[PDB]
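First, one chain by itself: the form deposited in one PDB entry, in structure tokens.
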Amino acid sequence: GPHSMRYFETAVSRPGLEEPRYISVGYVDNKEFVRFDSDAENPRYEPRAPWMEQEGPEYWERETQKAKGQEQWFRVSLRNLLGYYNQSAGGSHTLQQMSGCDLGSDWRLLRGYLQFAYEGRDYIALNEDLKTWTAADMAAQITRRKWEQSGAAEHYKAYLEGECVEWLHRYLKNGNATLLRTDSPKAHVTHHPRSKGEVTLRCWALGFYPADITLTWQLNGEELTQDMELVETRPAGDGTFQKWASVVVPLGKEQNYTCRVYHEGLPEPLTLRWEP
């Protein structure tokens, strides 16, 4: 199947004496595997998945040096944007970056990403050609022109087609057994009266990993849409996740409704019903 790697980076300037907070998080197939935070007592890239313990000290040393360079880069970039937008000096501002690659099972690069946001809005992004830029506003045109003149896209293209692909491959080899790990959801239905002869049926899934999951309600073989509510999938805090989905139904008809739970850990989807 496909695979992905991403580095999500944030620098947040602070109105006082402190330099910007800089954080970088790496993901392989959407699982956090490394992290750097400038606010840590000893700021350094750290392993966040067991399988990253295969890398020697030089890996962590040189990645750490890289983060230190990025931190300066973000500091300079924040200061430049503050001038481009004519913003006041004593505020707080957020610059973010997403970078990485999607790979096929044949290890072909399917798509490279290199994009930024300022104050929560898209700022600039490298196009799919890995050669040209899309700039969202006036300030970003300044950046675009600057990067066009210095040939910046070529450097990101090199990263995305070379290192990004090659290191993702290495990480998948080292992380294979752990990346395949699943915990199946445990499911049950709860029954909660509400006014005018109606009841909420809430279908729960608990203790599952990874977070991806689908819950559906059905009646008489048709999947439902109205009277329905889903909560965002949420961590339990112990590395597993939780979700529920609910439907409002007529009192006396509850047992006609069935919930289905779809999750990769399961040998097949769960189907269940209120069982009083």
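Don't overthink the numbering: it's just position in the shown sequence, from 1. What we label the rigid core is the largest C-alpha set whose atoms superpose within 1.5 Å from one form to the other.
Just so it is clear, the following notes concern the form deposited in another entry, a form of the same protein that is not shown.
Once the two forms are fitted on their rigid core, between this form and the one not shown the CA displacement reaches 2 Å or more only for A153 among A153, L206, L78, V199. A displacement of 2 angstroms or greater separates the C-alpha positions of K131 between this form and the one not shown, with the rigid core held in common. For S92, the Cα coordinates differ by under 2 angstroms between this form and the one not shown after the core has been superposed. A displacement of 2 angstroms or greater separates the C-alpha positions of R144 between this form and the one not shown, with the rigid core held in common.
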